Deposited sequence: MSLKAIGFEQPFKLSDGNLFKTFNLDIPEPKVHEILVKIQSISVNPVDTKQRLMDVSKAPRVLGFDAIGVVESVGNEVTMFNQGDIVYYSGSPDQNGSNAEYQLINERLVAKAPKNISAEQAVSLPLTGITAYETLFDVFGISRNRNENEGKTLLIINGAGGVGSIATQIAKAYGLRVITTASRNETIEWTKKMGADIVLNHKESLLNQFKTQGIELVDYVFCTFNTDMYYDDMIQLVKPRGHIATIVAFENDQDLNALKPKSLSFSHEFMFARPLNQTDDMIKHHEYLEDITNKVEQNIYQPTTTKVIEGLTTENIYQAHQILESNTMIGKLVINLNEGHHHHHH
């Protein structure tokens, strides 16, 4: 099988240091299933994971494809199944013709949309579900979330786009931020109830528009810039979280006056730590599938590139690092 990888970490200005590789096709460990890949997505993380040492390295943490084979302990899937998933950065990525993945991290993909559209959803969707249900602790019952408001700083990114949809489906009011006609229209398309401009004072906008302090705040870009804003905008005893690493250390005492909680969401904590509850990833992907088939969620692919090649993956990293509305996808 073919794969795109690298031997050492690099910045793009170093040059295109992706190379092709020819590997075997293994058999699936007992709870593993083996997947022939149809399409993949590129995520901020691939650009971040490209900088780490190499213990080649093969990136890719979004995939959809057809189940080639499964292991003797598999009860969840069959050869033939069209499945999508994210996986984990300590196993070779989806940047390959074939890929091994544990069954508990996978779900059948929706069939009422194209493969290239459905593959916009696994990494971003799992991340958003973990943020809403595990971190913030919203109810699976829509009525129990009545009166709750979520603020998403940067609604137009991959996680922002799907989290908006999920939060709406589960009964929340969703406020997002977007600062140009293109990102404003997109977040509105995703279901935002109120759109604010993150390049101008947010608290001012809350005051102007009569917006009360929010239950939960979720930052998806430049958290250093918005740490104090998140604290100002959340209600006492509320909860703020990020999915973007900070560039600098912060004052945790700033959380004291309102007795706040701060969470750093990382969707790979479950697989990386082989947690008892890795199955939640399957459960979240399955809910996504159901809601896509119901037309409650819509996919978020806006750019498609054809061919899993070193020139392509490099271009995709150039694009991700420019900081995209919705998702970038590559078809094999």
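- Gaps between the deposited sequence and the modelled structure occur at positions 1-2, 58-59, 328, 338-346.
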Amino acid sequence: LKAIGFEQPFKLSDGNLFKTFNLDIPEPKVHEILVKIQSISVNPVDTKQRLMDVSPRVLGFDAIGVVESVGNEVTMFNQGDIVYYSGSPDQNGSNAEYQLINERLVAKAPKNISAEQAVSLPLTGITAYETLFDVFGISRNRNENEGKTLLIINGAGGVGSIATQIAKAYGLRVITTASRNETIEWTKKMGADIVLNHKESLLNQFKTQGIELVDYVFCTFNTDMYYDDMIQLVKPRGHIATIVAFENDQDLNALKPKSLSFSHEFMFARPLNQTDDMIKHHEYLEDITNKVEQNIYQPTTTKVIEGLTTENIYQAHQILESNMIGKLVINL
From here on, numbers count along this sequence of modelled residues.
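- Comparing the deposited coordinates for 238-246 and 175-183, the stretch with the larger average C-alpha B-factor is 175-183.
- Taking the PDB entry as given, 301-309 carries the higher mean Cα B factor of the two stretches 280-288 and 301-309.
- When the C-alpha B factors of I64, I296, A269, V42 are read from the deposited coordinates, the top value falls at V42.
- Per the deposited record, the Cα B-factor of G125 falls in the lowest third when ranked against the other modelled residues of its chain.
- When all modelled residues of the chain are sorted by CA temperature factor, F206 is found within the middle third.
- Sort the chain's modelled residues by C-alpha temperature factor and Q38 lands in the middle third, per the entry.
- Compared with the other modelled residues of the chain, the Cα B-factor recorded for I138 ranks in the lowest third.
- For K199, the recorded CA temperature factor ranks within the highest third of the chain's modelled residues.
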